[PDB]
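**Student:** Got a structure for you, questions after.
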Amino acid sequence: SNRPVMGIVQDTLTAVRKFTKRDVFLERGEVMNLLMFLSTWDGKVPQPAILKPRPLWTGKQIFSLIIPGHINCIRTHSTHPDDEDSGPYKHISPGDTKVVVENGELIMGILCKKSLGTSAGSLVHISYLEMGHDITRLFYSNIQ
Amino acid sequence: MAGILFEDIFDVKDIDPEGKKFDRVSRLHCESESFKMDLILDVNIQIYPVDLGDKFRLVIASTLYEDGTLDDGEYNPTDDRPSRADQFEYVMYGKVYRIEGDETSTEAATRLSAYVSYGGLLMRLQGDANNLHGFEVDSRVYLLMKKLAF
Amino acid sequence: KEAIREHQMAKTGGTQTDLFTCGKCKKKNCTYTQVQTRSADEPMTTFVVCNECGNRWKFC
Amino acid sequence: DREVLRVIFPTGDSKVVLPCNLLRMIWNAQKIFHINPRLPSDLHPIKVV
Ligand SMILES: [Zn+2]
């Protein structure tokens, strides 16, 4: 059925939803802690998402770190939130709810499974095509 | 030398994004004192407790060390260069993700709109020519605000 | 002639929900499915089909 | 082709599974080449042809 067979599920899928929340904020100490968990990393610490009143990183910034740095998967937020269209178009106040990533950087959008895999328009299928199985497997192990 | 990208003093139209809002983040609606340009922005209310109708000072700079390049990172906490206005109450690092306009009308492009993202934080700026020198780019802009509850 | 004419008028069934808009015809002439009670790893979804102009999509 | 295509699909659905998503590929070139709507679009159409 020209579709991916892999699928991140349950606890992992739920925390990912939790992780995409707007209220997600990180500390520098924990960023180093998170960085070591990485199966692979550039060795170059990223710039804080916030500088004042105090330096901070966002979970979307950090999720995008996990993401390979020259590939994108667009729009299929596939979540109930917003408005069976028409409404989210009201007025392109177009973020958060709907999913969008650019240059391996997540702009907005709570994640779903249709994004996460075993379906058309999934990030998993295009990574397989561009990054290939070997890069995609290391990304997948890393994210989990 | 400190080629600032943008600077203006803004007024709060709204602090209540369509009522429903969110917990640690909230989206403000503002308008420039020229009352020709307006702004909507997601903010951390917990670290910057906004009031409605407040008079804010807003500055935007794609760089910190005088005008030279720095669009990198290990953001180096140990910098000692007075190059940063830092003196503003609130600072953010981000990208421009979307630009609106309308050039199909013939030259038009008449009421240009810019949309910006600071770590996912959405922003919308509207204006005929205030954004005539800017455009959508990867993360580079620094947004600085003060004059809270003036 | 009326009663024998009436005998086609509704076959024997129905459903229609009229909730989800269809981007192919703006009219919310849609049908909805309740399926995938358990299935495998695929999440149970609500499937929506537009009768007119034949469109089908999922809750996800 | 458009005239022919009406014959092929009486259902009128243009959404079909096909190889090589050129849109994503074309889009990636834009992501790579950094083409934007506020930049000129220098092109030789015959070369395209
Ligand atoms: Zn329809």
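Identifiers in this document derive from the order of the structure tokens: chains are assigned A, B, ..., residues are numbered from 1 separately in each chain, and ligands are numbered from 1 in order of occurrence.
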Show me which residues line ligand 1, defined as having an atom within 7 Å of a ligand atom where only C-alpha atoms and all ligand atoms count, and present them as number ranges by chain.

**Tutor:** C: 22-27, 29, 50-55

**Student:** Grab the residues selected above and save them as a short mmCIF file (atom, residue, chain, number, x, y, z; two decimals), in the first residue's frame with N, CA and C atoms.

**Tutor:**
data_model
loop_
_atom_site.label_atom_id
_atom_site.label_comp_id
_atom_site.auth_asym_id
_atom_site.auth_seq_id
_atom_site.Cartn_x
_atom_site.Cartn_y
_atom_site.Cartn_z
N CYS C 22 -17.25 20.10 3.03
CA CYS C 22 -16.48 19.49 1.95
C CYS C 22 -15.87 20.57 1.06
N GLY C 23 -14.54 20.58 0.98
CA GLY C 23 -13.81 21.58 0.22
C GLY C 23 -13.99 21.51 -1.29
N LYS C 24 -14.76 20.53 -1.76
CA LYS C 24 -15.01 20.39 -3.19
C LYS C 24 -16.34 20.99 -3.60
N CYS C 25 -17.12 21.46 -2.63
CA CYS C 25 -18.47 21.92 -2.90
C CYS C 25 -19.07 22.73 -1.75
N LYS C 26 -18.22 23.13 -0.80
CA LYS C 26 -18.59 23.95 0.37
C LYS C 26 -19.76 23.40 1.20
N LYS C 27 -20.74 22.77 0.56
CA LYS C 27 -21.84 22.12 1.25
C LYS C 27 -21.35 21.02 2.18
N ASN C 29 -22.56 18.34 2.86
CA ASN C 29 -23.21 17.08 2.53
C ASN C 29 -22.24 15.93 2.74
N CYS C 50 -18.02 12.62 1.76
CA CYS C 50 -19.00 13.49 1.15
C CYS C 50 -19.72 12.77 0.01
N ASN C 51 -21.02 12.61 0.17
CA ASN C 51 -21.87 11.93 -0.81
C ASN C 51 -21.71 12.52 -2.21
N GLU C 52 -22.17 13.76 -2.37
CA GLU C 52 -21.95 14.51 -3.60
C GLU C 52 -20.46 14.66 -3.87
N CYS C 53 -20.08 14.66 -5.15
CA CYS C 53 -18.70 14.91 -5.59
C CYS C 53 -17.65 13.97 -4.97
N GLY C 54 -18.12 12.95 -4.26
CA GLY C 54 -17.28 11.90 -3.70
C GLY C 54 -15.97 12.32 -3.04
N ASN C 55 -16.05 12.76 -1.80
CA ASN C 55 -14.85 13.04 -1.03
C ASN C 55 -14.83 12.26 0.27
#

**Student:** What's the 10 Å shell around residue 132 in chain B, counting only C-alpha atoms, without same-chain residues fewer than 3 positions away, as a PyMOL selection string?

**Tutor:** chain B and resi 109+112-114+127-129+135

**Student:** For the selection you just gave me, I'd like the residues written to a file as a PDB file, in the first residue's frame, keeping N, CA and C atoms.

**Tutor:**
ATOM      1  N   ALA B 109       1.526  45.804  -4.137  1.00  0.00           N
ATOM      2  CA  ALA B 109       2.267  45.384  -2.963  1.00  0.00           C
ATOM      3  C   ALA B 109       1.910  46.537  -2.014  1.00  0.00           C
ATOM      4  N   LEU B 112       1.877  45.848   2.843  1.00  0.00           N
ATOM      5  CA  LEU B 112       2.718  44.682   3.071  1.00  0.00           C
ATOM      6  C   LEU B 112       2.641  44.135   4.496  1.00  0.00           C
ATOM      7  N   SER B 113       2.632  42.813   4.609  1.00  0.00           N
ATOM      8  CA  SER B 113       2.451  42.159   5.898  1.00  0.00           C
ATOM      9  C   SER B 113       3.636  41.230   6.130  1.00  0.00           C
ATOM     10  N   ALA B 114       4.189  41.239   7.338  1.00  0.00           N
ATOM     11  CA  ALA B 114       5.239  40.295   7.679  1.00  0.00           C
ATOM     12  C   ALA B 114       4.860  39.428   8.873  1.00  0.00           C
ATOM     13  N   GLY B 127       2.100  46.702   7.396  1.00  0.00           N
ATOM     14  CA  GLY B 127       2.619  48.013   7.038  1.00  0.00           C
ATOM     15  C   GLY B 127       2.966  48.179   5.571  1.00  0.00           C
ATOM     16  N   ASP B 128       2.738  49.377   5.046  1.00  0.00           N
ATOM     17  CA  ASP B 128       2.979  49.650   3.632  1.00  0.00           C
ATOM     18  C   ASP B 128       4.447  49.510   3.233  1.00  0.00           C
ATOM     19  N   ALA B 129       5.339  50.111   4.015  1.00  0.00           N
ATOM     20  CA  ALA B 129       6.743  50.197   3.625  1.00  0.00           C
ATOM     21  C   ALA B 129       7.690  50.025   4.810  1.00  0.00           C
ATOM     22  N   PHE B 135      12.446  40.895   4.894  1.00  0.00           N
ATOM     23  CA  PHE B 135      11.808  39.782   4.196  1.00  0.00           C
ATOM     24  C   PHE B 135      11.977  38.497   5.004  1.00  0.00           C
TER      25      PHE B 135
END

**Student:** In Å to one decimal, how far is CA of residue 100 in chain A from CA of residue 33 in chain C?

**Tutor:**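 Distance reported for this atom pair: 28.3 Å.
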
**Student:** Could you pull the residues within 7 Å of range 46-59 of chain A, counting only C-alpha atoms, minus those fewer than 5 positions along the same chain, as a PyMOL selection string?

**Tutor:** (chain A and resi 19-20+24-28) or (chain B and resi 47+73-75+89-93+118-119)

**Student:** Identify every residue of chain D that has at least one atom within 9 Å of any atom of chain A, counting only C-alpha atoms, and report the result as a list in words.

**Tutor:**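 In the required form, that comes to residues 17, 24, 28, 31 and 32 of chain D.
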
**Student:** Env of residue 44 in chain C: 10 Å cut, atoms = only C-alpha atoms, seq-sep filter 3 positions within chain, self excluded. Answer as a list in words.

**Tutor:**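 With the cut-off at 10 Å, the set is residues 34, 35, 36, 37, 38, 39, 40, 41, 47, 59 and 60 of chain C.
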
**Student:** With N, CA and C atoms retained, write the just-selected residues as a short mmCIF file (atom, residue, chain, number, x, y, z; two decimals), in the first residue's frame.

**Tutor:**
data_model
loop_
_atom_site.label_atom_id
_atom_site.label_comp_id
_atom_site.auth_asym_id
_atom_site.auth_seq_id
_atom_site.Cartn_x
_atom_site.Cartn_y
_atom_site.Cartn_z
N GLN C 34 -18.03 5.00 11.69
CA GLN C 34 -17.57 4.52 12.99
C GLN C 34 -17.08 3.09 12.85
N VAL C 35 -15.76 2.95 12.78
CA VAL C 35 -15.12 1.70 12.39
C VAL C 35 -13.80 1.63 13.15
N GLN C 36 -13.07 0.53 13.00
CA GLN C 36 -11.78 0.32 13.67
C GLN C 36 -11.94 0.23 15.18
N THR C 37 -12.85 -0.64 15.63
CA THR C 37 -13.11 -0.86 17.05
C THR C 37 -11.82 -1.18 17.81
N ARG C 38 -10.97 -1.99 17.21
CA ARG C 38 -9.68 -2.33 17.81
C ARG C 38 -8.55 -2.19 16.80
N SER C 39 -8.62 -2.97 15.73
CA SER C 39 -7.62 -2.95 14.66
C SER C 39 -6.21 -3.19 15.20
N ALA C 40 -5.21 -2.76 14.44
CA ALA C 40 -3.83 -2.92 14.85
C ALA C 40 -3.27 -1.64 15.46
N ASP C 41 -2.09 -1.25 14.99
CA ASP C 41 -1.39 -0.08 15.50
C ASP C 41 -2.00 1.23 15.00
N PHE C 47 -14.15 8.41 9.94
CA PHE C 47 -13.98 8.66 8.52
C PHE C 47 -15.21 9.37 8.07
N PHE C 59 -10.77 11.97 10.51
CA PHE C 59 -10.67 12.79 11.71
C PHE C 59 -9.22 13.19 11.91
N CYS C 60 -8.33 12.23 11.66
CA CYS C 60 -6.91 12.50 11.60
C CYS C 60 -6.59 12.86 10.16
#

**Student:** For the atom pair CA of residue 49 in chain C and CA of residue 83 in chain A, what is the interatomic distance in Å to one decimal place?

**Tutor:**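 Distance between the two atoms: 17.1 Å.
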
**Student:** Considering only C-alpha atoms, can you say which of C:16, C:31, C:1, C:9 comes closest to residue 58 in chain C?

**Tutor:**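 Among the listed residues, C:31 lies closest to residue 58 in chain C.
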
**Student:** Could you tell me how far CA of residue 32 in chain C sits from CA of residue 15 in chain C, in Å to one decimal place?

**Tutor:**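 Result for CA of residue 15 in chain C versus CA of residue 32 in chain C: 8.6 Å, one decimal.
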
**Student:** Residues of chain D were defined as contacting chain C if any atom lay at most 9 Å from it, counting only C-alpha atoms; please report them as a list in words.

**Tutor:**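 Putting it all together, I get residues 11, 12 and 13 of chain D.
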
**Student:** Those same residues - N, CA, C and O atoms - I'd like them written as a short mmCIF file (atom, residue, chain, number, x, y, z; two decimals), in the first residue's frame.

**Tutor:**
data_model
loop_
_atom_site.label_atom_id
_atom_site.label_comp_id
_atom_site.auth_asym_id
_atom_site.auth_seq_id
_atom_site.Cartn_x
_atom_site.Cartn_y
_atom_site.Cartn_z
N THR D 11 -14.65 9.88 -12.94
CA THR D 11 -14.92 10.17 -11.54
C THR D 11 -14.50 11.60 -11.22
O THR D 11 -14.96 12.21 -10.26
N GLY D 12 -13.62 12.15 -12.06
CA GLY D 12 -13.16 13.51 -11.90
C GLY D 12 -12.22 13.74 -10.74
O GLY D 12 -11.89 14.88 -10.41
N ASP D 13 -11.77 12.66 -10.10
CA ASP D 13 -10.78 12.76 -9.04
C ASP D 13 -9.38 12.83 -9.63
O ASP D 13 -8.95 11.93 -10.36
#

**Student:** For residue 115 in chain A, work out the shell of residues within 10 Å, counting only C-alpha atoms and skipping chain neighbours fewer than 2 positions away, then give it as a list in words.

**Tutor:** residues 73, 74, 75, 76, 77, 78, 79, 99, 110, 111, 112, 113, 117, 118, 119, 120, 121, 122, 123, 124 and 125 of chain A; 60 of chain C

**Student:** Dump N, CA and C atoms for the selected residues as a short mmCIF file (atom, residue, chain, number, x, y, z; two decimals), in the first residue's frame?

**Tutor:**
data_model
loop_
_atom_site.label_atom_id
_atom_site.label_comp_id
_atom_site.auth_asym_id
_atom_site.auth_seq_id
_atom_site.Cartn_x
_atom_site.Cartn_y
_atom_site.Cartn_z
N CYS A 73 8.52 18.41 6.15
CA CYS A 73 7.22 17.77 5.93
C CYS A 73 6.07 18.70 6.32
N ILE A 74 5.26 19.02 5.30
CA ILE A 74 4.25 20.05 5.48
C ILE A 74 2.73 19.87 5.47
N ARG A 75 2.30 20.56 6.54
CA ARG A 75 0.94 20.82 7.06
C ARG A 75 0.10 19.77 7.82
N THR A 76 0.06 18.53 7.36
CA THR A 76 -0.78 17.50 8.01
C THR A 76 -0.78 17.36 9.54
N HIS A 77 -1.18 18.42 10.23
CA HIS A 77 -1.32 18.39 11.68
C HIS A 77 -2.27 17.26 12.06
N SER A 78 -3.33 17.12 11.27
CA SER A 78 -4.24 15.99 11.37
C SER A 78 -4.90 15.85 12.74
N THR A 79 -4.82 16.90 13.54
CA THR A 79 -5.47 16.91 14.84
C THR A 79 -6.84 17.57 14.74
N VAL A 99 0.55 21.93 11.45
CA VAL A 99 1.95 21.52 11.48
C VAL A 99 2.73 22.08 10.28
N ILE A 110 1.02 20.84 16.67
CA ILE A 110 1.00 19.67 17.52
C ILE A 110 1.04 18.42 16.64
N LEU A 111 1.86 17.44 17.02
CA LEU A 111 2.09 16.29 16.15
C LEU A 111 0.99 15.25 16.27
N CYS A 112 0.92 14.39 15.26
CA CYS A 112 -0.08 13.33 15.19
C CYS A 112 0.61 12.08 14.70
N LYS A 113 -0.16 11.05 14.37
CA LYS A 113 0.43 9.81 13.90
C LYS A 113 0.58 9.92 12.37
N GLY A 117 3.76 8.58 11.05
CA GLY A 117 3.98 7.43 10.19
C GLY A 117 2.82 6.55 9.77
N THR A 118 3.18 5.45 9.11
CA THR A 118 2.25 4.46 8.57
C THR A 118 1.06 5.09 7.84
N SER A 119 1.33 6.18 7.14
CA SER A 119 0.30 6.89 6.38
C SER A 119 0.93 7.76 5.29
N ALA A 120 0.11 8.19 4.34
CA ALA A 120 0.56 9.11 3.30
C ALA A 120 0.82 10.50 3.87
N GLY A 121 1.78 11.21 3.29
CA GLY A 121 2.14 12.54 3.74
C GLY A 121 2.95 12.56 5.03
N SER A 122 3.39 11.38 5.45
CA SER A 122 4.17 11.25 6.68
C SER A 122 5.64 11.67 6.51
N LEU A 123 6.19 12.28 7.56
CA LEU A 123 7.61 12.62 7.64
C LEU A 123 8.47 11.40 7.40
N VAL A 124 8.07 10.28 7.99
CA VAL A 124 8.80 9.03 7.87
C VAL A 124 9.04 8.58 6.42
N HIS A 125 8.05 8.72 5.56
CA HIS A 125 8.20 8.29 4.18
C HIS A 125 9.21 9.13 3.39
N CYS C 60 -8.33 12.23 11.66
CA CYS C 60 -6.91 12.50 11.60
C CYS C 60 -6.59 12.86 10.16
#

**Student:** Based on the backbone DSSP call, show me all residues of chain D assigned alpha helix (DSSP H), as a VMD selection string.

**Tutor:** chain D and resid 2 to 8 22 to 33 45 to 48

**Student:** I want to know what sits within 8 Å of residue 95 in chain A, based on only C-alpha atoms, with residues of the same chain fewer than 5 positions away left out; could you give that as an NGL selection string?

**Tutor:** (:A and (100 or 107-109)) or (:B and (122))

**Student:** Which parts of chain B does DSSP call strand (DSSP E) when run on the backbone here, written out as a PyMOL selection string?

**Tutor:** chain B and resi 6-14+25-32+38-44+55-61+90-100+113-118+121-126+141-146

**Student:** Please identify all residues of chain B having at least one atom at most 10 Å from any atom of chain D, considering only C-alpha atoms, and return them as a list in words.

**Tutor:**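 On the chain B side, the interface is residues 99, 100, 101, 103, 135, 136 and 137 of chain B.
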
**Student:** Could you pull the residues within 12 Å of residue 34 in chain A, counting only C-alpha atoms, minus those fewer than 3 positions along the same chain, as a PyMOL selection string?

**Tutor:** chain A and resi 26-31+37-41+45+57+59+62-63+65-66+142-143
